[PDB]
Amino acid sequence: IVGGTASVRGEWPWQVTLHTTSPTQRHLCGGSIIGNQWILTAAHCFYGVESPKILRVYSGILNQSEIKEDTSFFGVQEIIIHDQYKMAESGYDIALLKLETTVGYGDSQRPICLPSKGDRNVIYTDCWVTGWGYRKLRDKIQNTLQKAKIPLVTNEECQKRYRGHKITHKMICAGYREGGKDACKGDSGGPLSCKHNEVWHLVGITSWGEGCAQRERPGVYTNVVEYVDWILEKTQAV
Ligand SMILES: COC(=O)Nc1ccc2c(c1)N[C@@H](C(=O)OC)CCCC[C@H](NC(=O)/C=C/c1cc(Cl)ccc1-n1cnnn1)c1ncc-2[nH]1
């Protein structure tokens, strides 16, 4: 996260750190708890990931230093990638992780509500992007979870900012015209969380951008409201 500040423990209890074991263990992506065995993240995170056996989901983490060999994690049973996904810049950048075991909810780890189909007609004015990603293009994974409040941008304005791309309504953008606050490398898959009528909603999944926090280059997020039926299809399968 660029232009952010340190989060407080338990502030974003749905935020997870997804680690990979190949070749050595490291943070791979962010993610969000959406159900007791479901993590919602970005499909692009799994580029070259051949098996779910190399993945480790850590919840209830403020600092990466809490993770050692003795730290408990959730194993991944299945990686579910939207089958229209080609690349982040083309959309459908959404994946589900089915956990091998159930998440026990508490003040340290709990689910974020998905947006309502009725909430498609709402204006969110309190949106935050979180993650352990870089503070600048050439940086390193941060120890402490960072947060940054960023305004949502209309599809029209975001299309103006990305000549040469097709910004669809399945994407949602967020950023300041002057830049300065944004997601960056290592933040992808994580949530764009918006508070509405005292309830937090998973409005976006950190996807892509041209550089980090640049003027007139908003961050592009998977517009979660447009995938509610897809998530329910995968998680409520008979
Ligand atoms: C010690 O641990 C370690 O250093 N881990 C680690 C470090 C960096 C990475 C990463 C893991 N993730 C990628 C990876 O592991 O590649 C091998 C996969 C995932 C590859 C893509 C990912 N994209 C983002 O995260 C966000 C982009 C993005 C999103 C918005 Cl909304 C706005 C601007 C953006 N940026 C434009 N340019 N940069 N950001 C990423 N790129 C490097 C990484 N992630």
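Positions 617 to 854 (my numbering) are the ones given, in order, by the sequence shown. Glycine included, each C-beta is placed from N, C-alpha and C at the ideal position.
Between the CA atoms of residue j and residue i - distance to the nearest angstrom
i           : j           : result
residue 680 : residue 627 : 16 Å
residue 683 : residue 789 : 32 Å
residue 631 : residue 786 : 22 Å
residue 635 : residue 644 : 5 Å
residue 825 : residue 767 : 15 Å
residue 705 : residue 854 : 32 Å
residue 779 : residue 830 : 15 Å
residue 709 : residue 647 : 13 Å
residue 729 : residue 842 : 14 Å
residue 585 : residue 724 : Because the chain in this structure spans residues 617 to 854, residue 585 falls outside the shown range and cannot be described.
residue 775 : residue 663 : 26 Å
residue 688 : residue 741 : 36 Å
residue 748 : residue 757 : 6 Å
residue 640 : residue 734 : 44 Å
residue 699 : residue 732 : 23 Å
residue 703 : residue 782 : 13 Å
residue 736 : residue 665 : 33 Å
residue 721 : residue 712 : 19 Å
Buried/exposed call for residue i, threshold 16 Cβ in 10 Å
i           : result
residue 746 : buried
residue 838 : buried
residue 762 : buried
residue 815 : exposed
residue 822 : buried
residue 862 : Because residue 862 is not part of the residues shown, which for the chain are 617 to 854, the question remains open.
residue 715 : buried
residue 835 : buried
heavy atom of ligand 1 below 7 Å from residue i C-beta
i           : result
residue 643 : yes
residue 571 : As displayed, the chain neither begins before 617 nor continues past 854, which places residue 571 out of reach and without an answer.
residue 827 : yes
residue 743 : no
residue 753 : yes
residue 617 : no
residue 749 : yes
residue 804 : yes
residue 800 : yes
residue 778 : no
residue 835 : yes
residue 729 : no
residue 756 : yes
residue 810 : no
residue 661 : yes
For residue i, the three-state DSSP class (helix, strand or coil)
i           : result
residue 811 : strand
residue 659 : helix
residue 622 : strand
residue 710 : coil
residue 771 : helix
residue 742 : coil
residue 681 : helix
residue 651 : strand
residue 839 : strand
residue 733 : coil
residue 637 : coil
residue 848 : helix
residue 788 : strand
residue 801 : coil
residue 666 : coil
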